[PDB]
RNA sequence: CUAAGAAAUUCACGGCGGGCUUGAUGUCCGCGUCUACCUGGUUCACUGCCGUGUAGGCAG
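Chains as they are written, first to last, in the entry's author numbering: chain A, 327 to 434; chain B, 3 to 223, 239 to 322; chain L, 1 to 92, 95 to 187; chain C, 6 to 48, 77 to 231, 244 to 338.
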C-alpha cells in the first residue's frame, strides 16, 4: 500500500509543474504510455483530439502496473502452495484495478 | 463533534514565515491547534454574518520548506533567525530563537449552519475565500494568488444532499485536488496499544512516544524494524497545572473578561496519510473539545478511521 | 409539390444509414442533373434535431410524371436491393424550406481568398483573418465526392421554419430549397 | 469442469489480396493485358483511382483456398478438452455435414460482397469462379445479375455444384483452389475505392488492392438468427456478433446466445443448441481466433 | 480570536605550485513466439469561384 501510494504521489507530483506536453523531438512514447503524466490541451488540437492528443483512459498504465508488481516481487512457480502468496497476488490485482479505475477518470 | 452538512474546501494556500517550532518538543509542521484556532477566528469574522458555523480542518501540506540549515558536518539542524532592531543603545542584546517555515496548506472546513438553506453555494465560498486572504493562519501571513493559472476554486461541496454513488463520486472528485498533499490525523489509539505493547518494564507514555517516531535499529542475535507508517509527534492540546481564576484577578492577562489558566502541552501521535487512503474526507476533520472540570483542553480528530 | 415518394433506407449490415443516405443523395443529384428543372425537392421525415440525424427515409416531392420517370431510370440501378420504395401518392400540412448552410469554418481558405483578392501577405492575412472566424454547426450532414477538387465534402442541411402556407420558388439539383417550400408531414 | 486455459484455432477459407484492374466491357475473356489501377500523387492530398479513358469496367482478381479440418485446434492446454471438442464436431458433421454452411458461403461468393464501395451503382457484376487443382481449369462458373442480390439465397441450378465443391473441400477430403475474379461496370474515371492504410491507400506492387481480412469478413457473412431481429439481412460471423457499421454490438453477454456461451455448454454441459446456432458456432470455428483464457 | 501580536546579518577578499596509474586475460553450451481481425473517425466540422460583400451552376 505504501508503494502504491508513493507511486501515486510521484505521478501527481510529476504532472503538476511541467506544462510541456505536446509534439516535439523525442516525445513519441510520451503520448500513449504517458496518459498519466500527460499535459493539458494543446494550441493546434484537431476535432477528434480525444485519441491522438489525450486518450480518455490509462490504456498502457495497467499493464505497466502489473509488470511493476511482477518485477518488484520475484514470484516463483511455487508461490501459491498456501494462501499467503496468493493473497498478496489478489491484493496486488485489486490495487492495480483500483489504480486503473482512478487513472481512468484522470483525462476528464 | 457533529458531522457537517458540507465540506467547504479552502484551496492551495501559500503561507509564509509560519511558526515551525509550535511546541517545546517538536519542530516540524505547526500545531493543529493553530488550524482549529484559525477556523474559529475565521468563524468569528465571517460566519456570524454568513449565518453558518465552521468547525473542522483538513491539514494536507502540499509543500513545506523550513528555514533551517545543517551546520558543517553535523546530524542536527539549527534555525535561521531574523535580525531585530537595536535597543536604546546599539547592543543587539536579546536574541530569542524561533523558527520559520513556508508551507502550502489547503484546508477543508466543516459547515453546520444555513449554507444552502438561506444562502447560495458559490457566493458563500467566494466570500469566505476572500475573507481568509486578509489574516494569518499559523503565525505567518497568508500569501494571496498573484501568479498565473488563476484558480479561485473554493469548492463548497455539499455532502448530505445526493445519492450514495454521487456522494462517493463527489468525494473522489474533491480528492483529485488534494493530489500531492498528505492529510494529518491523530492516532491516539495506536499510541495506546503501542504503550500496552512495551509495558513490560515501565509504561510511560513519554517513553512510548520517544521510542516510536525514531528508527530503532536492532540486529539479529542485522536490520531495522519495519516502518509502520509516517508517525510524527504532535502537540495534542494543553493540560492545566493551576486552578481557574477570575478575569480581573491575575496580573497582566490578555483581556479582563475571560478566565485564565496556566497550562502545559500534551504530546500525541499523528500520521501523514494520503487523501486516497480515507473513506470520506469528513473523517479527517480536526475539532478541539475541552473538559473544563479537569485540565484537559484537547484538539484531535474523531472518526479518523 | 403535390406528389411525394418515400424511399426508406433498409438497414444495412455493411454500411451505416448515413452511408446509404449519402450514396442515394449523390445518385439523386446525378438523376436531377440528368433530368434538369427546378421543381423537385427533398425532405427528411425522420429528422432528429437533438441527435442531428437524418433518419432512414428520403421523401422526394415533384409531379407524378417526374416520380414515374425517376422510378424507371438506372439511377436506382444497384440500389434496388439496398432500399425499399412506396408508391407515388398525393400529399395529405405546414410548409418549410430545406436549406444548405455553408460556413467559413476554415481560416486558411479565407486567407488564400484575401491573398488572391488584394495581393497581400500571409502575415497581413493572418492578422485580418484570425482563427476565431471558424463557424460551428449543429446540423446533420451527408458526405459526397467532389468534382474539380477530389476531396470528400459534407453537405449540412437545415430544415427551415414551419409556415402554414407555401411560396412560389424553384429548387436546386439536390432537392434543396432555392425559394421553394416543401410540405412537412 | 472448465475449458482450456489456452486454446486457438487456425483459420480456414484462406483469401489472398484482390488485385484491381481496369478494362473495357466484352473483353472479359482477355483479362491478361488489362493495366492495373495506378495510384498517383496529385494535389489537399487525395488518392483517386483514375481509371483510363479506354477502360470502364473493374475486375478484382483474388484467390481462395479452403483447408478443412475445422475440428482440431491449434494449441490446446487441456488433454481432456481436445478429444471432446473433436467428438462434438464429429457428431455435428455426422448428423448433418455442413452443406447449408457451404450453400451460404457459395451465396457469399455469388454476390460481390468483397466489393464494398465498388459494388454500389454497378450495372452488372459477374463473378467468374475457376477451379484449379493441377495448374489448369476443371469446371469454371459464370454467375448471373439478378441472382446477385444481397439477401435472397436459394437453391440455384449451378450454385449447388459450387456449394458441394466448398463442402467437399471444407470436409477435409481434398482441398480446392478457386480463382475468383469479378467484373463490374462502375463508370469511366469514377473513383473505385480499395482499402486504405494509415491519405495512403493499401497497395500491393504496381497496383491497388483490398486487404485479405476485409475480403474474409465479407465472405463469412453467414450469421442470420441473432435474438434482436432478422429483418435487415445477414451479418458477418463474430463471437460477440459485433458490427461497427450499424454501430451497436449485438449478441449481448446478458443473453446466452453468444459463441463463448454456446460452445461452453455445448462441450461441457452438453446443451446442444438448434441447427442455426450450431451452424453459427461451427462457422465461428472456421474463422479461427484465440479462445479460452 | 491561532506558543497570538514585533523584527534589515552587514561591509572586504589571488587557492596555488607540481606529477608515468601500469602489467595479463577463451564468455560458454541450447532453444517452435503462436492464431484471428472491415481504418469507410472528416489522412482539415472541405475546396477555386460570379462584387474588395455571405448571394453557386459541369468529374459539384
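Just so it is clear, CB atoms sit at the ideal spot from N, CA and C, and this is done for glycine as well.
Quick one: is residue 253 of chain C buried, meaning 16 or more other Cβ sit within 10 Å of its Cβ, or exposed?
Result: buried.
When you compare the CB of residue 430 of chain A with every CB in chain B, is at least one pair closer than 8 Å?
Between residue 430 of chain A and chain B, the shortest Cβ-Cβ separation is not below 8 Å.
CB contact check: residue 14 of chain L to chain C, cutoff 8 Å:
For residue 14 of chain L, the answer is yes, since a Cβ of chain C falls inside 8 Å of its Cβ.
Using 8 Å as the limit for Cβ to Cβ distance, is residue 77 of chain L near chain C?
By this cut-off, residue 77 of chain L is an interface position.
Alpha-carbon to alpha-carbon, residue 39 of chain L and residue 172 of chain L
Near 6 Å, if we compare the C-alpha coordinates of residue 39 of chain L and residue 172 of chain L.
Which stretch, first to last residue, makes up the alpha helix (DSSP H) that contains residue 29 of chain L?
From DSSP, the alpha helix (DSSP H) with residue 29 of chain L extends over 17-35.
Under the three-state reduction of DSSP, which class applies to residue 187 of chain B: helix, strand or coil?
Three-state result, residue 187 of chain B: strand.
Stretch pair the region 74-85 of chain B + the region 418-429 of chain A: three plus CB contacts closer than 8 Å
Output reads no: the region 418-429 of chain A does not touch the region 74-85 of chain B.
What residue does the beta strand (DSSP E) around residue 41 of chain L start on, and which one ends it?
Per DSSP, residue 41 of chain L is one residue of the beta strand (DSSP E) stretching across 41-43.
Looking only at its own chain, which residues have a Cβ that is under 6 Å from the Cβ of residue 280 of chain C, when we skip the five neighbours before and after it?
Counting only Cβ-Cβ distances below 6 Å, and skipping sequence neighbours, we find 268 and 288.
Under 8 Å, do residue 158 of chain B and residue 123 of chain B count as touching if we go by C-beta distance?
A contact, by the Cβ cut-off of 8 Å.
Alpha-carbon spacing of residue 79 of chain L relative to residue 312 of chain C, whole angstroms:
Roughly 44 Å separates the two Cα atoms.
Anything in chain A within Cβ reach of residue 305 of chain B, meaning under 9 Å, just list it in chain order.
Contact note: residue 305 of chain B does not reach chain A at a C-beta cutoff of 9 Å; the least C-beta distance is about 29 Å.
For residue 145 of chain L, would you say it is in contact with chain C, using Cβ-to-Cβ distances shorter than 8 Å as the test?
It does not; no Cβ of chain C falls within 8 Å.
For the candidate residues C:271, C:198, C:316 and C:12, whose alpha-carbon lies nearest to that of residue 211 of chain C?
With distances taken between Cα atoms, residue 211 of chain C lies closest to C:198.
Would you tell me roughly how many angstroms separate the C-alpha atoms of residue 170 of chain L and residue 89 of chain L, rounded to the nearest one?
CA-to-CA, the gap between residue 170 of chain L and residue 89 of chain L works out to about 22 Å.
Counting only the same chain and skipping the five closest in sequence on each side, list residues whose C-beta sits under 8 Å from that of residue 225 of chain C.
Same-chain partners within the cutoff: 25, 42, 82, 84, 91, 150, 151 and 219.
Residues, ordered as in the chain, of the region 332-355 of chain A that lie near chain B by beta-carbon distance below 8 Å:
Residues are counted here when their Cβ sits less than 8 Å from a Cβ of chain B; for the region 332-355 of chain A these are 334, 335, 338, 339 and 342, given in chain order.
DSSP-derived helix/strand/coil call for residue 78 of chain C:
Coil, per DSSP.
Taking the alpha carbon of residue 91 of chain L as the reference point, which residue from L:3, L:13, L:142 and L:53 has its own alpha carbon closest?
Of L:3, L:13, L:142 and L:53, the residue nearest in Cα terms is L:3.
Are three or more beta carbon pairs between the region 176-195 of chain C and the region 129-143 of chain C nearer than 8 Å?
With the cut-off at 8 Å, the region 176-195 of chain C and the region 129-143 of chain C touch.
Three-state class that DSSP yields for residue 25 of chain C in the structure shown:
If DSSP states are grouped into helix, strand and coil, residue 25 of chain C belongs with the strands.
Span of the beta strand (DSSP E) around residue 289 of chain B:
Per DSSP, residue 289 of chain B is one residue of the beta strand (DSSP E) stretching across 280-290.
Determine the chain L residues that contact residue 93 of chain C at a beta-carbon separation under 8 Å, and present them in chain order.
Residues of chain L with a Cβ closer than 8 Å to the Cβ of residue 93 of chain C do not exist, since the nearest Cβ in that chain sits about 16 Å away.
Among the candidates C:337, C:324 and C:95, whose CA atom is the shortest distance from the CA of residue 271 of chain C?
Per the Cα distances, C:324.
Residue 1 of chain B vs residue 116 of chain B beta-carbon contact at 8 Å:
No information on residue 1 of chain B is available, as it lies outside the stretch 3 to 322 that chain B covers here.
Buried/exposed call for residue 338 of chain C, threshold 16 Cβ in 10 Å:
Label assigned to residue 338 of chain C: exposed.
With DSSP run on the structure shown, which of helix, strand or coil describes residue 311 of chain B?
The answer is coil: DSSP assigns residue 311 of chain B none of H, G, I, E or B.
Run through DSSP, which three-state label would residue 106 of chain L get?
Here residue 106 of chain L sits in coil by DSSP.
Kindly list, in the order they appear in chain C, the residues whose Cβ is closer than 7 Å to that of residue 10 of chain L.
Within chain C, the C-beta atoms nearer than 7 Å to that of residue 10 of chain L come from 277, in chain order.
Contact between the region 142-153 of chain B and the region 188-196 of chain B: three or more CB pairs below 8 Å?
The region 142-153 of chain B is not in contact with the region 188-196 of chain B.
Quick one: what does DSSP say residue 129 of chain L is sitting in, helix, strand or coil?
Secondary structure of residue 129 of chain L (DSSP, three-state): helix.
Locate the alpha helix (DSSP H) running through residue 76 of chain B, then write down its first and last residues.
No alpha helix (DSSP H) contains residue 76 of chain B, which DSSP labels as neither H nor E.
Any idea what DSSP makes of residue 164 of chain B, helix, strand or coil?
Residue state, collapsed to three classes: coil.
State the start and end residues of the unbroken alpha helix (DSSP H) segment that holds residue 193 of chain C.
Start and end: 192-203.
Kindly list the residues whose CB is nearer than 6 Å to the CB of residue 85 of chain L, restricted to its own chain and excluding five residues on each side of it in sequence; keep chain order.
Cβ within range, chain order: 7.
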